[PDB]
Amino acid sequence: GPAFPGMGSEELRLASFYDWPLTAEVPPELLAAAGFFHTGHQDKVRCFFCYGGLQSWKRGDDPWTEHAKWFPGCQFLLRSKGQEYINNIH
C-alpha cells in the first residue's frame, strides 16, 4: 500500500501547492497528477505512494519523467503510466 495514504487524493495533493514558488516553471496540476504534494519547504515535493522526495526543479522539468527517472519502482507510477513508459526513460 501507499507510504502516506492521506495524500492519495489528487485534489488534496493539488491543494498543498497553494504557496508553490514555481507555478509558471513546473505546474502544480502536473505535480499533483504525478503523485506529488508540496512539503511547504522551498520547492521540495514528495510522492504519497513511494515517499520519494524531489527538489531543485528546473524550467521544463516534467513531473512524471522525474518520477520515473528517480523512483522507477514506485507502484503508483507503474499503475498510472505502465512499464513501457518507465523503461523508455531508462
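The first residue of the shown sequence is 1; numbering continues from there.
The entry lists a Cα temperature factor for residue 54 that places it in the middle third of the chain's modelled residues. Placement of the Cα temperature factor of residue 62 within the chain: middle third of the modelled residues, per the deposited record. Among all modelled residues in this chain, the alpha-carbon of residue 88 has a temperature factor (C-alpha) in the highest third.
When the modelled residues of the chain are ordered by their C-alpha B factor, residue 81 lands in the lowest third. For residue 37, the recorded CA temperature factor ranks within the highest third of the chain's modelled residues.
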